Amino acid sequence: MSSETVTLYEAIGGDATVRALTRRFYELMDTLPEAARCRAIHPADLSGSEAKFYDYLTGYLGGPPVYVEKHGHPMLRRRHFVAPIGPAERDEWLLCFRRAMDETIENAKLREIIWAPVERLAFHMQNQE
């Protein structure tokens, strides 16, 4: 929606915010020693991962459906099956996503709206242990 209601994308500040969110996420993943397990299973060059997550989040939050346009149906559990994701990879991903959100999305109510379903998805991507 845009006029009396608005989308989450609109609400958090749209493209500049999703850009900052996704950038800060991979930065924390690359620089925090506590995120080393999650970092270990990602590609040595994070550039392509960032592009895809940014496109995924853009569509997911009510912005333009750019991820689907390029890659088709998300099918995330299947796409994540190629990485070995145990509790550690899972909680370290959630560590970085939480901190990236807290730092880039000012509105607490919008962070709560986004977080609960993402944390559900993360537990659902876990494929080990």
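Sequential numbering from 1, following the sequence displayed.
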Higher-scoring stretch by recorded Cα B factor average, 18-26 or 5-13: 5-13
Average Cα temperature factor in the PDB entry - higher stretch of 98-106, 35-43: 98-106
Out of 68, 75, 57, 88, residue topping the C-alpha B-factor column of the entry: 68
Assigned third (lowest, middle, highest) for the C-alpha B factor of residue 121: middle
